[PDB]
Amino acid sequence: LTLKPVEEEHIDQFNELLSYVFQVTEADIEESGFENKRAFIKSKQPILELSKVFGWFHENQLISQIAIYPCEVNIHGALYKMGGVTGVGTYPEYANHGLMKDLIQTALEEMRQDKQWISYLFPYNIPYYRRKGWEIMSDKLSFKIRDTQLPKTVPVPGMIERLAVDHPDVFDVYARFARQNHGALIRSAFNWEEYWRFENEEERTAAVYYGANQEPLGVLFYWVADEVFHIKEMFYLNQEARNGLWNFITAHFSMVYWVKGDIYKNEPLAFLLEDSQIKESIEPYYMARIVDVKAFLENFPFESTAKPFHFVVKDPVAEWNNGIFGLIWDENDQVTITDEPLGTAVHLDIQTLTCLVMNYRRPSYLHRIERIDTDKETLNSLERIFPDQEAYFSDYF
């Protein structure tokens, strides 16, 4: 067996393996406008030619593979290069042999050289990927509210236009949304095609809310079908915009029995309605992994300063993430990341640290459930320095 990069030549093979593992629903293949799922996976190929791709070869057959798609994301206000793992798969035959372990090893080595200090991953197998060091970074919420539970109109100064989903104003609002919302993908025109690849864009519309200035501040992607108002999602730069969009939705009362939508961050709708007695479902949506602890931390926008302490980190795959990471802020509250166990220890594994930095859970909770080992004082330090915002992420790959 040979583990090597996969090339131009091998791309056909890459695709074939990918159909055999791709867990796309039959419903989503129909909605996408692609006849079958081979046509569907052949549209993913422009992603692959951007990515670093590796595989195992039963020479010269491709039997297992991993790709790293280069992205950029918002981590608490800082733009980080991100390694997006896609196209992962082993042929069911070859699953006992720790093939994927080495691909992941390889991929992490590549991500580190590419200065990708954080990696996102859609979870095909949470338990497997958690053992390789990933942790959940974000939730997706789903709700279904009765027409009878729709919110009362809030006075707003602006107006709504119904626009094509690829109107330039949509892109502009998202470019700013991503820059002020933790977790988010910074999108190119190309990430936007991928955003719409399971759906017929022409059967969707963007309700865009314009402030009194005719500047767009909010986007609702929706369609009406069989007396349901369908919300793909909404994103808004402020409360006025949110309220404008909800005003537009509640004006559809006489057209619909229900309103169904998703929210791509753990921020339940229920509280924000006057009738909060709805059921929402909450599911983990994406995972993340710190690739290089030191380099991650030294770019991290810590909220505040602290007495010096240090992380003692265990990483089950990446050698360079084991050991001591000391933090010290100087007079100008500027941080440096040391190798010195200066101050009290905080013992955790790579999963838990990634959870911390993505704020999927807070330090205290993780201490409480015995995933962080340190003392009360340092635990207060963590709570002070780690920002408290819920990750947003809308993309798929």
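Note that residue numbering follows the sequence shown and begins at 1.
Set 289-297 against 189-197 and average the Cα temperature factors; 189-197 ends up higher. Relative to one another, 306-314 and 94-102 have unequal mean CA B-factors, and 94-102 is the one with the higher figure. Comparing the C-alpha B-factors of 119, 142, 180, 153 in the entry, the top value falls on 153. Per the PDB entry, 32 shows the highest C-alpha temperature factor of the residues 32, 364, 359, 351. Ranked against the other modelled residues of its chain, the C-alpha B-factor of residue 50 as given in the entry falls in the highest third. Ranked against the other modelled residues of its chain, the C-alpha B-factor of residue 322 as given in the entry falls in the middle third. Sorting the modelled residues of the chain by their CA temperature factor places residue 255 in the middle third. Ranked by C-alpha B-factor against the other modelled residues of its chain, residue 279 falls in the highest third. Per the PDB record, residue ranking by Cα B-factor puts residue 266 in the lowest third of the chain.
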